[PDB]
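> Have a peek at run_2.cif (mmCIF, N, CA and C atoms).
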```cif
data_query
loop_
_atom_site.label_atom_id
_atom_site.label_comp_id
_atom_site.auth_asym_id
_atom_site.auth_seq_id
_atom_site.Cartn_x
_atom_site.Cartn_y
_atom_site.Cartn_z
N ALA K 1 -76.52 0.65 137.18
CA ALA K 1 -75.33 1.48 137.44
C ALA K 1 -74.67 1.87 136.12
N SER K 2 -73.70 2.76 136.19
CA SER K 2 -73.06 3.28 134.99
C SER K 2 -71.71 3.92 135.32
N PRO K 3 -70.67 3.09 135.57
CA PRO K 3 -69.31 3.59 135.82
C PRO K 3 -68.81 4.48 134.68
N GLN K 4 -69.35 4.25 133.49
CA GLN K 4 -68.96 5.02 132.31
C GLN K 4 -69.40 6.47 132.44
N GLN K 5 -70.62 6.67 132.92
CA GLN K 5 -71.14 8.02 133.12
C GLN K 5 -70.35 8.75 134.19
N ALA K 6 -69.94 8.01 135.20
CA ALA K 6 -69.10 8.56 136.25
C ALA K 6 -67.76 9.01 135.68
N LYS K 7 -67.15 8.14 134.88
CA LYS K 7 -65.86 8.45 134.28
C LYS K 7 -65.98 9.64 133.33
N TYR K 8 -67.13 9.73 132.67
CA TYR K 8 -67.41 10.85 131.78
C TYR K 8 -67.48 12.15 132.57
N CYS K 9 -68.15 12.10 133.72
CA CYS K 9 -68.30 13.28 134.57
C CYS K 9 -66.94 13.74 135.09
N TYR K 10 -66.17 12.81 135.63
CA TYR K 10 -64.86 13.12 136.19
C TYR K 10 -63.87 13.53 135.10
N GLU K 11 -64.13 13.12 133.88
CA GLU K 11 -63.28 13.51 132.77
C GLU K 11 -63.67 14.90 132.25
N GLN K 12 -64.94 15.09 131.92
CA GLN K 12 -65.38 16.32 131.28
C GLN K 12 -65.33 17.50 132.24
N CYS K 13 -65.39 17.23 133.53
CA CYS K 13 -65.39 18.30 134.53
C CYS K 13 -64.12 19.14 134.41
N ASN K 14 -62.96 18.49 134.41
CA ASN K 14 -61.70 19.21 134.29
C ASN K 14 -61.41 19.58 132.84
N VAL K 15 -61.91 18.78 131.89
CA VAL K 15 -61.75 19.08 130.48
C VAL K 15 -62.41 20.42 130.15
N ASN K 16 -63.60 20.65 130.70
CA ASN K 16 -64.26 21.93 130.49
C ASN K 16 -63.52 23.01 131.26
N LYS K 17 -63.73 23.05 132.58
CA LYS K 17 -62.88 23.81 133.50
C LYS K 17 -63.47 23.81 134.91
N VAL K 18 -63.16 22.81 135.73
CA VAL K 18 -63.57 22.84 137.14
C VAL K 18 -62.46 22.26 138.01
N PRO K 19 -62.28 22.80 139.23
CA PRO K 19 -61.35 22.25 140.22
C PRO K 19 -61.72 20.82 140.61
N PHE K 20 -60.74 20.02 141.03
CA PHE K 20 -60.99 18.61 141.37
C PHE K 20 -62.07 18.49 142.45
N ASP K 21 -61.99 19.32 143.48
CA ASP K 21 -62.95 19.29 144.57
C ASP K 21 -64.36 19.60 144.07
N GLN K 22 -64.47 20.53 143.13
CA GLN K 22 -65.76 20.84 142.51
C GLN K 22 -66.22 19.66 141.65
N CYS K 23 -65.27 19.00 141.00
CA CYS K 23 -65.58 17.82 140.19
C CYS K 23 -66.17 16.74 141.07
N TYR K 24 -65.53 16.49 142.20
CA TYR K 24 -66.02 15.51 143.16
C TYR K 24 -67.39 15.92 143.67
N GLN K 25 -67.61 17.22 143.81
CA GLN K 25 -68.85 17.74 144.36
C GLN K 25 -70.03 17.43 143.43
N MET K 26 -69.78 17.53 142.14
CA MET K 26 -70.83 17.32 141.14
C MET K 26 -70.98 15.84 140.79
N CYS K 27 -69.86 15.15 140.61
CA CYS K 27 -69.90 13.77 140.11
C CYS K 27 -70.18 12.75 141.22
N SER K 28 -69.96 13.12 142.48
CA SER K 28 -70.16 12.17 143.58
C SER K 28 -71.60 11.63 143.66
N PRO K 29 -72.66 12.49 143.56
CA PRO K 29 -74.06 12.00 143.58
C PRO K 29 -74.32 10.94 142.51
N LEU K 30 -73.69 11.12 141.36
CA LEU K 30 -73.80 10.18 140.25
C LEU K 30 -73.08 8.89 140.62
N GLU K 31 -71.81 9.02 140.94
CA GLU K 31 -70.94 7.87 141.17
C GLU K 31 -71.37 7.08 142.41
N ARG K 32 -71.33 7.72 143.57
CA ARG K 32 -71.70 7.06 144.82
C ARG K 32 -72.25 8.04 145.84
N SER K 33 -73.56 7.99 146.04
CA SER K 33 -74.21 8.74 147.11
C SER K 33 -75.47 8.01 147.54
#
```
Written as structure tokens, how would this file's structure read?


Amino acid sequence: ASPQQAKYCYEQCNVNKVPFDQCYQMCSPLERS
């Protein structure tokens, strides 16, 4: 597992430019699916 990679995804998603729901859409497979 890698909670760090998850946190990176949820961080960089909005840092770059994506809506929260889109962030969840992309990072969810990584974090928990």

> If you run DSSP on this backbone, which residues of chain K come out as helix (DSSP H, G or I), and could you give them as a ChimeraX atom specification?

/K:3-16,20-31

> Using only C-alpha atoms, which residues sit within 12 Å of residue 28 of chain K once same-chain residues fewer than 2 positions away are excluded, as a VMD selection string?

chain K and resid 3 5 to 7 9 to 10 13 20 to 26 30 to 33

> What is the atom C of residue 4 of chain K-atom N of residue 16 of chain K distance in Å, reported with one decimal?

15.4 Å

> For atom C of residue 1 of chain K and atom CA of residue 17 of chain K, determine how far apart the two atoms are, in Å to one decimal place.

25.0 Å
